[PDB]
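# Build me a model from this:
(2 chains, ligands or ions: 2)
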Amino acid sequence: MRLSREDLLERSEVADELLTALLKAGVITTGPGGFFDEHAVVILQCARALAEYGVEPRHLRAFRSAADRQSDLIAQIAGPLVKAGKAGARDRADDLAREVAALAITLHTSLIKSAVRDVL
Amino acid sequence: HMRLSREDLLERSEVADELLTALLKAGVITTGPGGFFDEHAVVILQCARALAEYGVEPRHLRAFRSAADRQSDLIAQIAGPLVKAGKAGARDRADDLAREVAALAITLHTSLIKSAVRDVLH
Ligand SMILES: [Hg+2]
Ligand SMILES: [Hg+2]
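Residues are numbered from 1 along each chain as shown, chains lettered A, B, ... in the order given. Ligands and ions are numbered 1, 2, ... in the order given. Right below this line is the structure:
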């Protein structure tokens, strides 16, 4: 959940040089708390395997760019639903925002898979 | 693999024909090159229906399609040249490597977006 740089390296099992390069290119970043999440471990492990096929850290900038733009769109769509959460006795509940976010990601992913299958 | 007629897609997705119409006219969902739908269209249609139920109209999904098409090209630039590099032994098919590579890049991209989204709502 909340991983240090050392934890990230140890769990991803990549070279420190790879991590350093992916941070330098902005491909991976820490969250608002200043630590890494489980997604970072998966990004790092996928980035290592891709580097092995010829993809440099520098080439994954395009993926990060697009993911940030997609996150903005999702925010616009999901952000309004934070206030509609079934809070119960608590003051806040973002569970519907998370549901809309997860549906939009699954939709977007399936579009990619479809288009990639086509072009190949 | 799997080539669905329009009515096969409606039956498997349990989504209304009018919703499919709206998605096709917005350009969010398209048929493959032969005029069939694939298994991914089932998921897309069902996700679009649940999104519509949260007030997100098919036309507001257009941007996910355009983005998906740009990403698909970036993945093809990587994977495309590796088609010819797959082992072609008796127990192999040459498409495998380019598929594995596409699947890594898609997994990478999915994690990036999940990470960017967690942060945009933290
Ligand atoms: Hg991996
Ligand atoms: Hg879905």
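# Identify the residues contacting the residue in chain A sticking out farthest from the centre.
Farthest-out residue of chain A from its mean C-alpha position, per Cα atoms, centre = their mean: residue A:89, at 31.4 Å. Counting by Cβ atoms under 8 Å, 6 or more residues apart in numbering or on different chains, residue A:89 makes contact with nothing. Just so you know, the C-beta spots here come from the backbone N, C-alpha and C atoms, and that holds for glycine as well.
# Same check on the one 5 residues further on?
Under the criterion of Cβ under 8 Å, 6+ apart, the contact partners of residue A:94 comprise A:82, A:85, B:121.
# again with residue A:74
A:100, A:101, A:104, A:105, B:113, B:117, B:120.
# Tell me the one of the residues you listed nearest ligand 1?
residue B:113 (16.9 Å; Cβ to the ion).
# circling back: the contacts of residue A:74: which two are farthest apart?
The largest separation in the contacts of residue A:74, counting by Cβ to Cβ, is between A:100 and B:113 at 13.6 Å.
# Okay, and the most centrally placed residue in chain A sits in which element?
Chain A has residue A:39 as the residue nearest its centroid, 5.8 Å off, counting by Cα atoms, centre = their mean. Taking DSSP states H and E as the criterion, residue A:39 maps to helix A:38-52.
# Helix B:62-79 and the next helix or strand along the chain from that helix, what's the angle between them?
Going down the chain from helix A:38-52, the next helix or strand is helix A:61-78, by DSSP H and E. With axes from the mean of the first three to the mean of the last three Cα atoms, to 10 degrees applied, the angle from helix A:61-78 to helix B:62-79 works out at 160 degrees.
# Tell me the span between the first and last residue of stretch A:89-101.
Criterion Cα to Cα, to the nearest Å; first-to-last residue distance in stretch A:89-101 is 24 Å.
# on that earlier part again, now that we have the contacts of residue A:94, can you turn them into JSON lines and tack on distance to ligand 2?
Formatted as JSON lines, these follow (distance: Cβ to the ion, whole Å):
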{"residue": "A:82", "distance to ligand 2": "21"}
{"residue": "A:85", "distance to ligand 2": "21"}
{"residue": "B:121", "distance to ligand 2": "20"}
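# Before I go, just wanted to say thanks for your time.
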